[PDB]
Amino acid sequence: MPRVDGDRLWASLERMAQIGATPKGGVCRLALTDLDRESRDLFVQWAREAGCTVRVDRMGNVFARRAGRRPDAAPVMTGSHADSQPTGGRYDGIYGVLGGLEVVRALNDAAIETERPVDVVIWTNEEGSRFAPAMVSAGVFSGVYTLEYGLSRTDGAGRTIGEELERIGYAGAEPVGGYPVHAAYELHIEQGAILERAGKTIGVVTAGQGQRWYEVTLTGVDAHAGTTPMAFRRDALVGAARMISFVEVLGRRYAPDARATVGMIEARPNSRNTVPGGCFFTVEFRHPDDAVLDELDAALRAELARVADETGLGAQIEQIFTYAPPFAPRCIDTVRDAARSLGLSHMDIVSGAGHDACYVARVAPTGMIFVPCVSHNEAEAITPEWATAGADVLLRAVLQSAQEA
Amino acid sequence: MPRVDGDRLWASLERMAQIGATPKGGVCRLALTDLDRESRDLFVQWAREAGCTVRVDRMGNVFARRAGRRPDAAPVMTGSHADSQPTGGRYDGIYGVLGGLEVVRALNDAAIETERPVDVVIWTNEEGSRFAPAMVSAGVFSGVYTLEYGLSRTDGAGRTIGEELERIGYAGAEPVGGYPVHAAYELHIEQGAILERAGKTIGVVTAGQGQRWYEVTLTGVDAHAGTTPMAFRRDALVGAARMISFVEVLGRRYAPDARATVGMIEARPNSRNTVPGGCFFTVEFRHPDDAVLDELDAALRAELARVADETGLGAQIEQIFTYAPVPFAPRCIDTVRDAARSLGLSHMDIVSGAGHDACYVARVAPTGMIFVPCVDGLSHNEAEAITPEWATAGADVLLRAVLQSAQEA
Ligand SMILES: [Zn+2]
Ligand SMILES: [Zn+2]
Numbered sequence: 008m009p010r011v012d013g014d015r016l017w018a019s020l021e022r023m024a025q026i027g028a029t030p031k032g033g034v035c036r037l038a039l040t041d042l043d044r045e046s047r048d049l050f051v052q053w054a055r056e057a058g059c060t061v062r063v064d065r066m067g068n069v070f071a072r073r074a075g076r077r078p079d080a081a082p083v084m085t086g087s088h089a090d091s092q093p094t095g096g097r098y099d100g101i102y103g104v105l106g107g108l109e110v111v112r113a114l115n116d117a118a119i120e121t122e123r124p125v126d127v128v129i130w131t132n133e134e135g136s137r138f139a140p141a142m143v144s145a146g147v148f149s150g151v152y153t154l155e156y157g158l159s160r161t162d163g164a165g166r167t168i169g170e171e172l173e174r175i176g177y178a179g180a181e182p183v184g185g186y187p188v189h190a191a192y193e194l195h196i197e198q199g200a201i202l203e204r205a206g207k208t209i210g211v212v213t214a215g216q217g218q219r220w221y222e223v224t225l226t227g228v229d230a231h232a233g234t235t236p237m238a239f240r241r242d243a244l245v246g247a248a249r250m251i252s253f254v255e256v257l258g259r260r261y262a263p264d265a266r267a268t269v270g271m272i273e274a275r276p277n278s279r280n281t282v283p284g285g286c287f288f289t290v291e292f293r294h295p296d297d298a299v300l301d302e303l304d305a306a307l308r309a310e311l312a313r314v315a316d317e318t319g320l321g322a323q324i325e326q327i328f329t330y331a332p334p335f336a337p338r339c340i341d342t343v344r345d346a347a348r349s350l351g352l353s354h355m356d357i358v359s360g361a362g363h364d365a366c367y368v369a370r371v372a373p374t375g376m377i378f379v380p381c382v386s387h388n389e390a391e392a393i394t395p396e397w398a399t400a401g402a403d404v405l406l407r408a409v410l411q412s413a414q415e416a
Numbered sequence: 008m009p010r011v012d013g014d015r016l017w018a019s020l021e022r023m024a025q026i027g028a029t030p031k032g033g034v035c036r037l038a039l040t041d042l043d044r045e046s047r048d049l050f051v052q053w054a055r056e057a058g059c060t061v062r063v064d065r066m067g068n069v070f071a072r073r074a075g076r077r078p079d080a081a082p083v084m085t086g087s088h089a090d091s092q093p094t095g096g097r098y099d100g101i102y103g104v105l106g107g108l109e110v111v112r113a114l115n116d117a118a119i120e121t122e123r124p125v126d127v128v129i130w131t132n133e134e135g136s137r138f139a140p141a142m143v144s145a146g147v148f149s150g151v152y153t154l155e156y157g158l159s160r161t162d163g164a165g166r167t168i169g170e171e172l173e174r175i176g177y178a179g180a181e182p183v184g185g186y187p188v189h190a191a192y193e194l195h196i197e198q199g200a201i202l203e204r205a206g207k208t209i210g211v212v213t214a215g216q217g218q219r220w221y222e223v224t225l226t227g228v229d230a231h232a233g234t235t236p237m238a239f240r241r242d243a244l245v246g247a248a249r250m251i252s253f254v255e256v257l258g259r260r261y262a263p264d265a266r267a268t269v270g271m272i273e274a275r276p277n278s279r280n281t282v283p284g285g286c287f288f289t290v291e292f293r294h295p296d297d298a299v300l301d302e303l304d305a306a307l308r309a310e311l312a313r314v315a316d317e318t319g320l321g322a323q324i325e326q327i328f329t330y331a332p333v334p335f336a337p338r339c340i341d342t343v344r345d346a347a348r349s350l351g352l353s354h355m356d357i358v359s360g361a362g363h364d365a366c367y368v369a370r371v372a373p374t375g376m377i378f379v380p381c382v383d384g385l386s387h388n389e390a391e392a393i394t395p396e397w398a399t400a401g402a403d404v405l406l407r408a409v410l411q412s413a414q415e416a
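Order-wise, the sequence lines are chains D and A.
Here the first sequence stands for residues 8 to 332, 334 to 382, 386 to 416, where the numbers follow PDB author numbering.
Going by PDB author numbering, the first residue of the second sequence is number 8, and it counts up by one from there.
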């Protein structure tokens, strides 16, 4: 099997990172800005230079197609997003886009004919910063959202995605999704420390995380600290402290894949010489298994009831967000087998963040490939070896799928 | 032994409560306002009608003196403040003042002569709302503050205490403090629910609380919750939670008199989907025993170090306020307790959880305090209330205490 040109890949990442470069060495390329256009334009140029046919759909998704023996066969698709967070890094999303480009180049150098066409994609507005929601364009593609909804999303100035697509010249003619896709692979940095600390180069992504978000309000009695003895108190902050501790306990209880976090708290009146009579805090559970999330939910509620009973606090809880994550076994195995045949260190991993691939999974057999990083930060970084390794895994996986009858 | 006239005392409280009456049934009578002046003038009028000689000092403190057999003898002093919080009750401070007036009237009715003169005092600006700080005038009296400091405290209008004293006619000529006082007693509502819930009418106040205040900053690592396994986390808020729970443990460990509280917390960045990398919170200890406060300090600092170690969090702690406990005079305390006993009144020892003028006066005179309960422990609220029975009982104890000390050679 062929090999990617690591130096060529690295050079393209270096070149692309100039567009929207921040002084801290990060990237600010918000969706459908002029800088987004400049980045898109450069990809298009490079793709066409690689002999690809580049098309654009009505959500401005860019597809660079490399020829296959069967021009009407469902393609193998790979890619990611080019747009960033306001204080994004040089590799969030774009590494997957340029990794896909290097795959095409590598197939060209090896003079390989595939049975199926290969599409390298840029998804519009993945990060969901200028327009909400995130992953909206892959969402339209995958039937999560309608085209009407996708195009009507507005920024702070009241400009819609549809209006901006026309402004920067990416109001494409192609339908958004609706055609069969044989398989899809997204190469992405981990945006975490699991691979790096485990000393593993390749993350075989098995699933996304399910999520449960809660808001909890504890009600006690505002009291002067000096004049109120401990036995008379209804301290809502102490009640919350008990819950915060128990949330951490729950996270460790369902290790390694559970995420359990209290990230926001507000005490009232929040004055140092008064017993807090109220406290609001959030809870979020993440785990790839809905059954485990149900356990976490039941434990949280049962404990909240015990705390209220013991403390005499009033308690209210409300689940405010619920999300169920599944990648295809075939793609997962293909990714693992590719890593193995390349002699690359690897491990199964769960994605702790959303990606376009999470939605593409709904319409085509989909997998993801993670590489380590030293995210959502201007200092996030990968090594040339990591960049090459992820791209070599991508090449192998895409090639295998593309030769499938 | 003489007895107070409960109906008379109650009538005086109802009448005074008219001055600055609020629709919610409270009192809004800020220090050195015209309402405060009216209240002062009425007390002065009643005191003179009861045969007292009234004097005013340079901080506007009002002293009504009931003559003693030996005019040059050190006086027994009693009283409180007449001024209120913006949403004050009908009994915060003024109960002690009118209690003192009732003591004078009761001594008159019984035709009693005392060895020592008795002073009934109104302290200027106790509540410290219009001018900061609180208890500033008893403070000057007691050496806490200079006269220059006391007179120069300004309100939001740029007007000083000195200027306002002159405006309302209470820029007195007498020196502020600096003379021998035989004993001092202040009658005051508890401003807490200890007496009410224990079913005790009289609180024998043994001390005012010492205080130690702290600021604590825990430093962790900002991290996205979904992508960060528990084992990698440096959660500053969980660290704080551990400390908050421990602070409660410390308060309950030194029951019944310890107060241990985390009243303020600030997490950062305080977003629901991220592991908090920073957390600020306050700690305050209160206790009548400085040795216990020392132990609380040591325990807090020891556990903070243990938690920082075990969690991998950076920790910072600063004691930003220190206040020594104010024990009251043993003889005054015993005098109060003995009085309650002789009157067949239910009573218990209690520690004051709030500052009073008497806390400062304790520095320059043998001082004690007498508490009565208040409904629900409510105070500095317009719905603050005592019963006639409680009002009468507090005044009866004050009468006997003042009487005993004023007859001491
Ligand atoms: Zn991304
Ligand atoms: Zn008071």
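For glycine and all other residues, C-beta sits at the position ideal for the given N, C-alpha and C.
Exercise. Kindly indicate which residue of D/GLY95, D/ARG204, D/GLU415 and D/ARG344 has the alpha-carbon position closest to the one of D/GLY32.
Key: For the purposes of this step, residue 32 of chain D is taken as residue 25 along the first sequence, with counting starting at 1. Of the candidates D/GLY95, D/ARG204, D/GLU415 and D/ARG344, the one whose C-alpha sits nearest the C-alpha of D/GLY32 is D/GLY95.
Quiz item: Three-state secondary structure (DSSP) at A/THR121?
Solution: Stepping through the second sequence from its first residue, residue 121 of chain A is reached at position 114. Here A/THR121 sits in coil by DSSP.
Practice problem: List the residues of chain A whose Cβ lies closer than 7 Å to the Cβ of D/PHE239, in chain order. | Solution: Taking the first sequence and counting its residues from 1, the one referred to as residue 239 of chain D is at position 232. Within chain A, the residues near D/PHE239 are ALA200.
Quiz item: What's the gap between the Cα of D/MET66 and the Cα of D/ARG166?
Solution: The sequence position of residue 66 of chain D within the first sequence is 59, counting from 1. The sequence position of residue 166 of chain D within the first sequence is 159, counting from 1. If I take the Cα positions, the gap works out to 15 Å.
Self-check item: Endpoints, beta strand (DSSP E) assigned at D/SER359
Solution: To locate residue 359 of chain D, count along the first sequence from 1; it is residue 351. Here the beta strand (DSSP E) through D/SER359 covers 354-359.
Quiz item: Using a C-beta cutoff of 8 Å, does D/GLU255 count as contacting chain A?
Solution: Along the first sequence, one-based indexing puts residue 255 of chain D at 248. Closer than 8 Å: yes.
Exercise. With DSSP as the reference, please indicate the residues paired to D/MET23 in a beta bridge.
Key: For the purposes of this step, residue 23 of chain D is identified with residue 16 of the first sequence, where counting begins at 1. DSSP output for D/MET23 lists no bridge partner at all.
Quiz item: Is the CB-CB distance between D/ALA247 and D/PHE288 below 8 Å?
Solution: Stepping through the first sequence from its first residue, residue 247 of chain D is reached at position 240. Stepping through the first sequence from its first residue, residue 288 of chain D is reached at position 281. A contact, by the Cβ cut-off of 8 Å.
Practice problem: Please compile the residues from chain A whose C-beta is within a distance smaller than 7 Å of the C-beta of D/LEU244. | Solution: Reading the first sequence from its first residue, position 237 is the one you call residue 244 of chain D. Neighbours of D/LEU244 on chain A, chain order: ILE251, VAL269 and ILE272.
Quiz item: According to a CB-to-CB cut-off of less than 8 Å, which residues of the stretch 87-104 of chain D neighbour chain A?
Solution: none
Quiz item: Roughly how many angstroms lie between the CA atoms of A/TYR192 and A/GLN92, to the nearest whole one?
Solution: The residue labelled residue 192 of chain A in the question sits at position 185 within the second sequence. The residue labelled residue 92 of chain A in the question sits at position 85 within the second sequence. Each residue's Cα considered, the two are about 22 Å apart.
Quiz prompt | Residues in the stretch 209-226 of chain D having any Cβ partner in chain A nearer than 9 Å | solution = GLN216, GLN218, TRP220 and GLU222
Self-check item: CA-to-CA distance, D/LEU225 to D/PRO276, given in whole angstroms
Solution: The sequence position of residue 276 of chain D within the first sequence is 269, counting from 1. The sequence position of residue 225 of chain D within the first sequence is 218, counting from 1. Rounded to whole angstroms, D/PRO276 to D/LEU225 spans 13 Å at the Cα level.
Quiz item: Taking the C-alpha atoms as reference points, what is the distance between A/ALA416 and A/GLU122?
Solution: To locate residue 416 of chain A, count along the second sequence from 1; it is residue 409. To locate residue 122 of chain A, count along the second sequence from 1; it is residue 115. Approximately 7 Å, taken between the alpha carbons.
Practice problem: Excluding the 5 residues preceding and the 5 following A/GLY150 in the sequence, name in chain order all residues of the same chain whose CB lies nearer than 8 Å to its CB. | Solution: Locating residue 150 of chain A in the second sequence gives position 143, counting from the first residue. Cβ neighbours of A/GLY150 beyond the five flanking positions: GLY184, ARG370 and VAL371.
Exercise. Enumerate in chain order the residues of its own chain whose CB-to-CB distance from A/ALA145 is below 6 Å, with the five nearest sequence positions on each side excluded.
Key: Against the second sequence, residue 145 of chain A aligns to sequence position 138. Only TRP130, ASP364, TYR367 and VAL368 meet the Cβ criterion.
Self-check item: heavy atom of ligand 2 below 7 Å from A/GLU133 C-beta
Solution: As a first step, residue 133 of chain A must be located in the second sequence, where it is residue number 126. Under cutoff, so the answer is yes.
Practice problem: Kindly indicate the opening and closing residues of the beta strand (DSSP E) around D/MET8. | Solution: One-based indexing of the first sequence puts residue 8 of chain D at position 1. Neither: D/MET8 is in no beta strand (DSSP E) and is coded neither H nor E.
Practice problem: Can you say whether D/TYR186 is buried or exposed, counting buried as having 16 or more other CB atoms within 10 angstroms of its CB? | Solution: In the first sequence, residue 186 of chain D corresponds to position 179, counting from 1. Burial call: exposed.
Exercise. Kindly indicate which residue of A/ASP296, A/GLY284 and A/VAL290 has the alpha-carbon position closest to the one of D/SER278.
Key: For this step, residue 278 of chain D is matched to residue 271 along the first sequence. D/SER278 has its Cα closest to that of A/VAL290, out of A/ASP296, A/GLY284 and A/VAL290.
Exercise. Kindly indicate the opening and closing residues of the alpha helix (DSSP H) around D/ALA413.
Key: Reading the first sequence from its first residue, position 402 is the one you call residue 413 of chain D. Segment 395-413, the alpha helix (DSSP H) holding D/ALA413.
Quiz item: Going straight from the alpha carbon of A/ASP14 to that of A/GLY206, what length do you get?
Solution: Locating residue 14 of chain A in the second sequence gives position 7, where the first residue counts as 1. Locating residue 206 of chain A in the second sequence gives position 199, where the first residue counts as 1. Rounded to whole angstroms, A/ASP14 to A/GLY206 spans 23 Å at the Cα level.
Practice problem: Using the DSSP secondary-structure output, state which residues sit across from D/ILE327 in a beta bridge. | Solution: As a first step, residue 327 of chain D is located in the first sequence; it is residue number 320 there, counting from the start. DSSP output for D/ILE327 lists no bridge partner at all.
Self-check item: Contact set between D/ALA24 and chain A, taken where Cβ atoms lie within less than 8 Å
Solution: Taking the first sequence and counting its residues from 1, one reaches residue 24 of chain D at position 17. Result: empty, since nearest Cβ-Cβ is about 22 Å, beyond 8 Å.
Self-check item: Interfacial residues, the stretch 281-292 of chain A to chain D, with Cβ spacing under 7 Å
Solution: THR281, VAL282, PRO283, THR289 and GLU291
Quiz item: At a cut of 8 Å, does the stretch 198-217 of chain A reach the stretch 325-345 of chain A through at least three beta carbon pairs?
Solution: yes
Exercise. For D/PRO30, count neighbouring C-beta atoms within 10 Å of its own C-beta (all shown protein chains included) and say buried if the count is 16 or more, exposed if not.
Key: The residue you call residue 30 of chain D lines up with position 23 of the first sequence. By the neighbour-count rule (16 or more Cβ atoms within 10 Å), D/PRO30 is not buried but exposed.
Quiz item: Where D/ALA200 and A/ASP162 are concerned, what is the direct C-alpha to C-alpha distance, given to the nearest angstrom?
Solution: Within the first sequence, numbered from 1, the residue matching residue 200 of chain D stands at position 193. Within the second sequence, numbered from 1, the residue matching residue 162 of chain A stands at position 155. If you take the alpha carbons of D/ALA200 and A/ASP162, they lie about 57 Å apart.
Quiz item: In terms of residues, what are the limits of the beta strand (DSSP E) holding D/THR167?
Solution: As a first step, residue 167 of chain D is located in the first sequence; it is residue number 160 there, counting from the start. Unbroken run through D/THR167: none, as it is neither H nor E.
Practice problem: Pull up the CB-CB distance for A/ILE324 and A/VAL223, whole angstroms please, since I reckon it's below 8 Å. | Solution: As a first step, residue 324 of chain A is located in the second sequence; it is residue number 317 there, counting from the start. As a first step, residue 223 of chain A is located in the second sequence; it is residue number 216 there, counting from the start. Confirmed, about 5 Å.
Quiz item: In the DSSP assignment, what are the bridge partners of D/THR224?
Solution: As a first step, residue 224 of chain D must be located in the first sequence, where it is residue number 217. D/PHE287 and D/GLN323, per the DSSP bridge assignment.
Quiz item: Could you give the C-beta distance for A/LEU39 and A/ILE168, rounded to a whole number, given that I count them as a contact under 8 Å?
Solution: As a first step, residue 39 of chain A is located in the second sequence; it is residue number 32 there, counting from the start. As a first step, residue 168 of chain A is located in the second sequence; it is residue number 161 there, counting from the start. Between A/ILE168 and A/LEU39 the Cβ distance is about 7 Å, and since that is below 8 Å, they are a contact.
Quiz item: Could you name the residues, in chain order, whose CB is less than 5 Å away from a heavy atom belonging to ligand 2?
Solution: A/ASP99 and A/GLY100
Quiz item: By the criterion of Cβ-Cβ separation under 7 Å, what are the contact partners of A/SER278 in chain D?
Solution: Against the second sequence, residue 278 of chain A aligns to sequence position 271. By Cβ distance, chain D contributes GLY270 and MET271.
Practice problem: Can you give me the Cβ contacts of A/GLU317 inside the same chain, cut-off strictly under 8 Å, excluding the 5 residues immediately before and after it? | Solution: Your numbering for residue 317 of chain A matches position 310 in the second sequence. Cβ neighbours of A/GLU317 beyond the five flanking positions: none.
Exercise. Determine contact between the stretch 112-120 of chain A and the stretch 128-142 of chain A, defined as no fewer than three beta-carbon pairs at a distance below 8 Å.
Key: no
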